[PDB]
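As stored in input-v5.pdb (PDB, N, CA, C and O atoms):
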```pdb
ATOM      1  N   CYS A   1      -6.127   2.339   3.288  1.00  0.00           N
ATOM      2  CA  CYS A   1      -7.322   1.890   3.993  1.00  0.00           C
ATOM      3  C   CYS A   1      -8.072   0.840   3.177  1.00  0.00           C
ATOM      4  O   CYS A   1      -7.619   0.432   2.108  1.00  0.00           O
ATOM      5  N   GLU A   2      -9.221   0.410   3.688  1.00  0.00           N
ATOM      6  CA  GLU A   2     -10.032  -0.592   3.007  1.00  0.00           C
ATOM      7  C   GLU A   2     -11.330   0.021   2.489  1.00  0.00           C
ATOM      8  O   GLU A   2     -11.821  -0.348   1.423  1.00  0.00           O
ATOM      9  N   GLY A   3     -11.882   0.959   3.253  1.00  0.00           N
ATOM     10  CA  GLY A   3     -13.118   1.607   2.856  1.00  0.00           C
ATOM     11  C   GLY A   3     -14.106   1.722   4.000  1.00  0.00           C
ATOM     12  O   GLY A   3     -14.862   2.688   4.081  1.00  0.00           O
ATOM     13  N   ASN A   4     -14.101   0.731   4.885  1.00  0.00           N
ATOM     14  CA  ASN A   4     -15.006   0.723   6.029  1.00  0.00           C
ATOM     15  C   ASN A   4     -14.759   1.932   6.926  1.00  0.00           C
ATOM     16  O   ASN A   4     -15.694   2.501   7.491  1.00  0.00           O
ATOM     17  N   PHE A   5     -13.494   2.320   7.051  1.00  0.00           N
ATOM     18  CA  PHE A   5     -13.123   3.462   7.880  1.00  0.00           C
ATOM     19  C   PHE A   5     -12.119   4.354   7.157  1.00  0.00           C
ATOM     20  O   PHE A   5     -11.540   3.963   6.144  1.00  0.00           O
ATOM     21  N   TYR A   6     -11.916   5.556   7.686  1.00  0.00           N
ATOM     22  CA  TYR A   6     -10.984   6.506   7.091  1.00  0.00           C
ATOM     23  C   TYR A   6     -10.158   7.205   8.166  1.00  0.00           C
ATOM     24  O   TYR A   6     -10.697   7.696   9.160  1.00  0.00           O
ATOM     25  N   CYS A   7      -8.846   7.247   7.962  1.00  0.00           N
ATOM     26  CA  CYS A   7      -7.943   7.885   8.912  1.00  0.00           C
ATOM     27  C   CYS A   7      -7.802   9.375   8.612  1.00  0.00           C
ATOM     28  O   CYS A   7      -8.095   9.843   7.511  1.00  0.00           O
ATOM     29  N   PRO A   8      -7.344  10.138   9.614  1.00  0.00           N
ATOM     30  CA  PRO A   8      -7.153  11.586   9.483  1.00  0.00           C
ATOM     31  C   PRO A   8      -5.995  11.937   8.555  1.00  0.00           C
ATOM     32  O   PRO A   8      -5.413  11.061   7.917  1.00  0.00           O
ATOM     33  N   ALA A   9      -5.666  13.222   8.487  1.00  0.00           N
ATOM     34  CA  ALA A   9      -4.576  13.687   7.639  1.00  0.00           C
ATOM     35  C   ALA A   9      -3.230  13.533   8.340  1.00  0.00           C
ATOM     36  O   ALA A   9      -2.222  13.226   7.706  1.00  0.00           O
ATOM     37  N   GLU A  10      -3.224  13.750   9.651  1.00  0.00           N
ATOM     38  CA  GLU A  10      -2.001  13.636  10.438  1.00  0.00           C
ATOM     39  C   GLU A  10      -1.560  12.179  10.551  1.00  0.00           C
ATOM     40  O   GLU A  10      -0.392  11.889  10.809  1.00  0.00           O
ATOM     41  N   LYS A  11      -2.505  11.265  10.357  1.00  0.00           N
ATOM     42  CA  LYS A  11      -2.217   9.838  10.435  1.00  0.00           C
ATOM     43  C   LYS A  11      -2.431   9.164   9.084  1.00  0.00           C
ATOM     44  O   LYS A  11      -3.069   9.726   8.193  1.00  0.00           O
ATOM     45  N   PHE A  12      -1.895   7.956   8.938  1.00  0.00           N
ATOM     46  CA  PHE A  12      -2.029   7.206   7.694  1.00  0.00           C
ATOM     47  C   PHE A  12      -2.547   5.796   7.964  1.00  0.00           C
ATOM     48  O   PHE A  12      -2.477   5.300   9.088  1.00  0.00           O
ATOM     49  N   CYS A  13      -3.070   5.156   6.923  1.00  0.00           N
ATOM     50  CA  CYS A  13      -3.602   3.805   7.044  1.00  0.00           C
ATOM     51  C   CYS A  13      -2.498   2.767   6.864  1.00  0.00           C
ATOM     52  O   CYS A  13      -1.795   2.761   5.852  1.00  0.00           O
ATOM     53  N   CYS A  14      -2.351   1.891   7.851  1.00  0.00           N
ATOM     54  CA  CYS A  14      -1.333   0.847   7.804  1.00  0.00           C
ATOM     55  C   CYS A  14      -1.912  -0.497   8.235  1.00  0.00           C
ATOM     56  O   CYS A  14      -2.824  -0.558   9.060  1.00  0.00           O
ATOM     57  N   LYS A  15      -1.373  -1.574   7.673  1.00  0.00           N
ATOM     58  CA  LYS A  15      -1.834  -2.919   7.998  1.00  0.00           C
ATOM     59  C   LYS A  15      -1.014  -3.513   9.138  1.00  0.00           C
ATOM     60  O   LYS A  15       0.168  -3.205   9.294  1.00  0.00           O
ATOM     61  N   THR A  16      -1.648  -4.369   9.934  1.00  0.00           N
ATOM     62  CA  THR A  16      -0.977  -5.006  11.060  1.00  0.00           C
ATOM     63  C   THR A  16      -0.407  -6.364  10.663  1.00  0.00           C
ATOM     64  O   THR A  16      -0.773  -6.922   9.629  1.00  0.00           O
ATOM     65  N   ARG A  17       0.489  -6.888  11.492  1.00  0.00           N
ATOM     66  CA  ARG A  17       1.110  -8.181  11.226  1.00  0.00           C
ATOM     67  C   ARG A  17       0.056  -9.278  11.120  1.00  0.00           C
ATOM     68  O   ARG A  17       0.183 -10.202  10.313  1.00  0.00           O
ATOM     69  N   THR A  18      -0.986  -9.174  11.939  1.00  0.00           N
ATOM     70  CA  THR A  18      -2.061 -10.158  11.938  1.00  0.00           C
ATOM     71  C   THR A  18      -2.892 -10.064  10.663  1.00  0.00           C
ATOM     72  O   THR A  18      -3.580 -11.012  10.288  1.00  0.00           O
ATOM     73  N   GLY A  19      -2.821  -8.913  10.000  1.00  0.00           N
ATOM     74  CA  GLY A  19      -3.572  -8.717   8.774  1.00  0.00           C
ATOM     75  C   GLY A  19      -4.804  -7.857   8.978  1.00  0.00           C
ATOM     76  O   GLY A  19      -5.779  -7.974   8.236  1.00  0.00           O
ATOM     77  N   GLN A  20      -4.760  -6.995   9.989  1.00  0.00           N
ATOM     78  CA  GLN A  20      -5.883  -6.115  10.290  1.00  0.00           C
ATOM     79  C   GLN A  20      -5.550  -4.668   9.940  1.00  0.00           C
ATOM     80  O   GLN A  20      -4.430  -4.208  10.164  1.00  0.00           O
ATOM     81  N   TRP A  21      -6.527  -3.958   9.391  1.00  0.00           N
ATOM     82  CA  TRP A  21      -6.337  -2.563   9.010  1.00  0.00           C
ATOM     83  C   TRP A  21      -6.297  -1.662  10.239  1.00  0.00           C
ATOM     84  O   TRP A  21      -7.082  -1.835  11.172  1.00  0.00           O
ATOM     85  N   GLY A  22      -5.378  -0.702  10.236  1.00  0.00           N
ATOM     86  CA  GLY A  22      -5.254   0.210  11.357  1.00  0.00           C
ATOM     87  C   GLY A  22      -4.698   1.560  10.949  1.00  0.00           C
ATOM     88  O   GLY A  22      -4.646   1.884   9.762  1.00  0.00           O
ATOM     89  N   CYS A  23      -4.283   2.350  11.933  1.00  0.00           N
ATOM     90  CA  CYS A  23      -3.731   3.673  11.670  1.00  0.00           C
ATOM     91  C   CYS A  23      -2.320   3.796  12.237  1.00  0.00           C
ATOM     92  O   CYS A  23      -2.084   3.517  13.413  1.00  0.00           O
ATOM     93  N   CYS A  24      -1.383   4.215  11.393  1.00  0.00           N
ATOM     94  CA  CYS A  24       0.005   4.374  11.807  1.00  0.00           C
ATOM     95  C   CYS A  24       0.389   5.850  11.869  1.00  0.00           C
ATOM     96  O   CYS A  24      -0.040   6.648  11.035  1.00  0.00           O
TER      97      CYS A  24
END
```

Structure re-expressed in structure tokens:
Amino acid sequence: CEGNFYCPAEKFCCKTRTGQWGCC
């Protein structure tokens, strides 16, 4: 993640092709 947001335990933080933070 980056810090602005936080993902759950069942999910993980992943980056997108465009360069945006998301949840995978």

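Close contacts of residue 22 of chain A, defined as residues with an atom at most 8 Å away when counting only C-alpha atoms, with chain neighbours fewer than 5 positions off set aside, comprise residues 1, 13, 14, 15 and 16 of chain A.
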
Write out as an mmCIF file with N, CA, C and O atoms, in the frame of the given file each polymer residue whose atoms come within 12 Å of residue 12 of chain A, counting only C-alpha atoms; drop sequence neighbours fewer than 4 positions from it.
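The resulting selection-v8.cif:
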```
data_model
loop_
_atom_site.group_PDB
_atom_site.id
_atom_site.type_symbol
_atom_site.label_atom_id
_atom_site.label_comp_id
_atom_site.auth_asym_id
_atom_site.auth_seq_id
_atom_site.Cartn_x
_atom_site.Cartn_y
_atom_site.Cartn_z
ATOM 1 N N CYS A 1 -6.127 2.339 3.288
ATOM 2 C CA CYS A 1 -7.322 1.890 3.993
ATOM 3 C C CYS A 1 -8.072 0.840 3.177
ATOM 4 O O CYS A 1 -7.619 0.432 2.108
ATOM 5 N N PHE A 5 -13.494 2.320 7.051
ATOM 6 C CA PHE A 5 -13.123 3.462 7.880
ATOM 7 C C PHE A 5 -12.119 4.354 7.157
ATOM 8 O O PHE A 5 -11.540 3.963 6.144
ATOM 9 N N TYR A 6 -11.916 5.556 7.686
ATOM 10 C CA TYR A 6 -10.984 6.506 7.091
ATOM 11 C C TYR A 6 -10.158 7.205 8.166
ATOM 12 O O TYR A 6 -10.697 7.696 9.160
ATOM 13 N N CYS A 7 -8.846 7.247 7.962
ATOM 14 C CA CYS A 7 -7.943 7.885 8.912
ATOM 15 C C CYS A 7 -7.802 9.375 8.612
ATOM 16 O O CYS A 7 -8.095 9.843 7.511
ATOM 17 N N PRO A 8 -7.344 10.138 9.614
ATOM 18 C CA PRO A 8 -7.153 11.586 9.483
ATOM 19 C C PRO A 8 -5.995 11.937 8.555
ATOM 20 O O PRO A 8 -5.413 11.061 7.917
ATOM 21 N N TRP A 21 -6.527 -3.958 9.391
ATOM 22 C CA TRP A 21 -6.337 -2.563 9.010
ATOM 23 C C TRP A 21 -6.297 -1.662 10.239
ATOM 24 O O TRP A 21 -7.082 -1.835 11.172
ATOM 25 N N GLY A 22 -5.378 -0.702 10.236
ATOM 26 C CA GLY A 22 -5.254 0.210 11.357
ATOM 27 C C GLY A 22 -4.698 1.560 10.949
ATOM 28 O O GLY A 22 -4.646 1.884 9.762
ATOM 29 N N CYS A 23 -4.283 2.350 11.933
ATOM 30 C CA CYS A 23 -3.731 3.673 11.670
ATOM 31 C C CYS A 23 -2.320 3.796 12.237
ATOM 32 O O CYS A 23 -2.084 3.517 13.413
ATOM 33 N N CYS A 24 -1.383 4.215 11.393
ATOM 34 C CA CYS A 24 0.005 4.374 11.807
ATOM 35 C C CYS A 24 0.389 5.850 11.869
ATOM 36 O O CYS A 24 -0.040 6.648 11.035
#
```

>> Please extract the residues of chain A with a backbone DSSP assignment of strand (DSSP E or B) and present them as a list in words.
In response: residues 13, 14, 15, 21, 22 and 23 of chain A
